[PDB]
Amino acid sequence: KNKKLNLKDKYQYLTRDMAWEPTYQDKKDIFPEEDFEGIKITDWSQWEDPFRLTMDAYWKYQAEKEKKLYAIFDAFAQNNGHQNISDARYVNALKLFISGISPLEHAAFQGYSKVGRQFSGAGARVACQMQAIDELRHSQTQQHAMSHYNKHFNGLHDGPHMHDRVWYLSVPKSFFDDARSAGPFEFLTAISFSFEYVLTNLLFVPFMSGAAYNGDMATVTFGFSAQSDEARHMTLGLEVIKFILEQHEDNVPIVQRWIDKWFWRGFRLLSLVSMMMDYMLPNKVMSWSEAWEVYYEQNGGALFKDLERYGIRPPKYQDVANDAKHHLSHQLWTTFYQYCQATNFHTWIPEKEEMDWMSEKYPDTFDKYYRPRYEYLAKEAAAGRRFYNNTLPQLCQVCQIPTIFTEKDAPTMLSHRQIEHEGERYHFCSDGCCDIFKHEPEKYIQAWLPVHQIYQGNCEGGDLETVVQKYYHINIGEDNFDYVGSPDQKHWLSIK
């Protein structure tokens, strides 16, 4: 007889072969999106599937996974597992999470659903839609995971609301709107490749393993059950830039470009995580510095070592970002410290054996630059003079983070940058943020800067506090302010 099909071939007939050359409509009207970014795709049928689960397999695996995770959520809730966390300070990491990271889950569901329509290759479509509904799973799942903590702690009760509005959440809100507004080659590149491949561990492990080291059972279960999901997301990511670089030499400079952009946008987003893991986990996992060093400097080093063969090189300014692993987390925490009158999580001075640790993970920078800060701040708090800065900060036109970052090799100088464009001035956290601006200035001048919008009166209130309570929904006295004094702390001292 004729040849039985092999694995690859069988999967293609169960996906790609369903598609077909259109006859009654033009192809480009059906797929109108694949040209304006300037990416040329020579041959679609040379596409390699990143994974090969048919529907009945996906459904079967994912059902069995889900069943195990809701049993554990159910149990966790019925025994009040929240009481076993290491200490209520840890919950601020979940507040930052469900307001900050979790709505990104949903913007991905949204984004990949789209791109999973607009790609002409039927297989690029299934990988994406598959990713799409995974991200929807991630989003719903976190909502349940978090449900019980929401019932016992402050800060978590209006995630979606605050994501669209609260200043600091505009850092991740804007990241994603950047990508979803781009075209679909760049979306794949920013998210699958840049976020889901190069940076994914740098965001995932610190929360996931933070919860493990801190007695948070429901969140770590969500993590474990997400691994097999991420396995597929990462392969999609790395296949797909290999594919784009391969399908034409002119694709190359355009992709390089996207790499430098989204590495830098992602590095910047991540800085919230840096802080989270160094300052917010009562029990430490690893420093931000060792987390950068291992998952970016080494893993990413190797990743790029392999893409050299496509004429790709490692992202602009990575040396800035490496030099910053010794600072990032301390710089972020003082910022949030001094503005947490406006955040939906608490901050605090860390414990002395926390500082000792920091001294030990940052032997070149903690004691020189950062420990003095807490010594001062602690004096001041003892005197009933706990620092709050009442004057809003300058924001970066691209990353939207306050301009707290410093010159490489000069940790004492703010690395500010300023340009004119169309007789309008704009301001930047860094060379990186600046380079992204100059490359697409017509995009970024549209940014809804939270600080700026507050002064425009666009945030229902004429005093920061009025904004915070009415617009932000952040309950003054409850969601707000130092950990010390907080309703969460008292409620924790009852419990224990």
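Residue indices: 1-based, along the sequence shown.
Participant: On mean C-alpha B-factor from the PDB entry, just flag whether 247-255 or 112-120 is the higher one.
Facilitator: Higher mean C-alpha B-factor: 247-255.
Participant: Please work out which of 333-341 and 360-368 has the higher mean CA B-factor as recorded in the PDB entry.
Facilitator: Higher mean C-alpha B-factor: 360-368.
Participant: Highest CA temperature factor in the entry: which of 382, 269, 156, 218?
Facilitator: Within the set 382, 269, 156, 218, 382 shows the top C-alpha B-factor.
Participant: Out of 453, 54, 46, 62, which residue has the highest Cα temperature factor in the PDB record?
Facilitator: Of 453, 54, 46, 62, 46 has the highest C-alpha B-factor.
Participant: How does residue 474 rank on Cα B-factor within its chain, lowest, middle or highest third?
Facilitator: Tercile = lowest for this residue's CA B-factor.
Participant: Lowest, middle or highest third: where is residue 482 by C-alpha B factor in its chain?
Facilitator: Its C-alpha B-factor belongs to the middle third of this chain's values.
Participant: Taking the C-alpha B-factors as the PDB entry records them, is residue 164 in the lowest, middle or highest third of its chain?
Facilitator: Tercile = lowest for this residue's CA B-factor.
Participant: Sort the modelled residues of this chain by their C-alpha B factor and say whether residue 67 lands in the lowest, middle or highest third.
Facilitator: Its C-alpha B-factor belongs to the lowest third of this chain's values.
Participant: Which third, lowest, middle or highest, does the CA B-factor of residue 461 fall in along this chain?
Facilitator: Within its chain, residue 461 is a highest-third residue by C-alpha B-factor, going by the deposited values.
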